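Shown next, in structure tokens, is the structure this report addresses.
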Amino acid sequence: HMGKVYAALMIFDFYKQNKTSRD
Amino acid sequence: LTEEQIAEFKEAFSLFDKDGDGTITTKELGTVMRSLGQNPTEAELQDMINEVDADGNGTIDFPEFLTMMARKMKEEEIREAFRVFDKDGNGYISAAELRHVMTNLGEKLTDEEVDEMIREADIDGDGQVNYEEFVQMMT
Ligand SMILES: [Ca+2]
Ligand SMILES: [Ca+2]
Ligand SMILES: [Ca+2]
Ligand SMILES: [Ca+2]
Ligand code: NI
């Protein structure tokens with residue numbers, strides 16, 4: 001039930017892995 | 001893999017897939033990222049997708065979505081995730097705090113569902129999720 005949050009956060013964190021800082 | 005955890009993945013996929021069309025776009029990713037306090041750029045969103053876009057169609061289907069999760073599975077990020085939920089900074093995610101985030105993600109939850117969720121991540125039984133308990137869940 002808390003599973004869905006876990007998964008959203010994995011994508012959330014995958015986004016973090018893919019960040020590029022300031023122009 | 002178990003039935004239950006397929007269902008949870010499926011619920012998560014559906015949180016991202018706001019228009020229900022079975023595919024997640026950069027717009028849908030951006031929208032969820034922003035509802036969680038982030039501010040992704042067009043390029044960042046495209047990179048994320050590109051990393052797991054096995055078929056090069058530019059959108060995320062269900063297996064690619066699982067593959068995103070698998071990759072991240074292979075700390076400072078966890079403290080940040082944590083702060084998204086722990087909004088009064090007190091070190092404990094309450095049920096109301098969990099609810100507030102779920103609502104901002106567009107999820108409709110019964111009181112009982114929210115408590116069930118806190119109860120799954122809660123380890124010491126104090127009825128909230130502290131930081132180390134959030135780490136275990138992310139782990
Ligand atoms: Ca969609
Ligand atoms: Ca694709
Ligand atoms: Ca709190
Ligand atoms: Ca606890
Ligand atoms: Ni239920």
Side-chain angles (χ1 to χ4, degrees), chain A residues 2-20, chain B residues 4-16 24 29-30 32-33 36-38 40-41 43-52 60 65-73 76-78 80-81 84-85 98 101-102 105 107 109 113-122 129 134 137-138:
Chain A
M2 175 68 108
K4 65 204 203 136
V5 177
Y6 165 82
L9 292 180
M10 291 304 295
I11 279 82
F12 172 81
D13 286 340
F14 186 75
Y15 157 79
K16 293 203 164 152
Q17 192 179 319
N18 281 273
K19 275 162 94 167
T20 292
Chain B
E4 184 158 354
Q5 68 194 150
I6 294 153
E8 289 313 310
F9 294 141
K10 186 164 154 179
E11 302 181 356
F13 182 95
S14 173
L15 261 65
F16 287 95
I24 297 171
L29 297 172
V32 176
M33 288 323 137
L36 296 165
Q38 287 293 303
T41 62
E44 280 166 346
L45 298 161
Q46 279 183 305
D47 288 344
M48 280 173 80
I49 294 195
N50 173 73
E51 285 290 302
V52 298
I60 294 309
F65 177 85
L66 293 174
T67 289
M68 284 188 69
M69 294 186 286
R71 259 186 213 186
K72 189 52 217 148
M73 289 172 219
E76 173 54 29
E77 297 177 357
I78 297 172
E80 294 176 351
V84 177
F85 298 81
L98 178 49
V101 169
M102 295 293 100
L105 292 171
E107 292 295 298
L109 297 176
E113 274 152 8
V114 178
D115 283 340
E116 219 163 326
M117 295 167 63
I118 292 294
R119 206 141 57 218
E120 294 175 26
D122 187 12
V129 190
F134 190 81
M137 170 184 104
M138 284 332 293

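Order of the sequence lines sets the chain letters (A, B, ...), proteins ahead of strands, with each chain counted from 1. Scope of the values below: all heavy atoms of this structure, side chains included, with no hydrogens, waters or symmetry mates.
Under a 3.5 Å cut-off, the side chain of B/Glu11 and the backbone N or O of A/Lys4 do not form any donor-acceptor pair. Although no hydrogens or angles enter the test, the distance criterion places no donor-acceptor pair under 3.5 Å between the side chain of B/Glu44 and the main chain of A/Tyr15.
Residue contact with chain A, scored on non-hydrogen atoms closer than 4.5 Å, involves the backbone and the side chain of B/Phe65 alike. Contact of B/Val101 with chain A is not made at all, since no heavy-atom distance falls under 4.5 Å. Proximity to chain A is limited to the side chain of B/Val52, based on heavy atoms less than 4.5 angstrom apart.
Ranked by non-hydrogen atom pairs under 4.5 Å with chain A, the options B/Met137, B/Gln38, B/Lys10, B/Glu51 are led by B/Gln38. Interface remark: of the candidates B/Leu36, B/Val32, B/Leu29, B/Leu36 forms the most heavy-atom pairs closer than 4.5 Å to chain A.
Of all heavy-atom pairs between B/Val129 and B/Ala121, the closest is CG2-CB, 3.8 Å. When all heavy atoms are compared, the tightest approach of B/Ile24 to B/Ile49 is O-CD1, 4.2 Å.
At a threshold of 4.5 Å between non-hydrogen side-chain atoms, the residues B/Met33 and B/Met48 count as touching.
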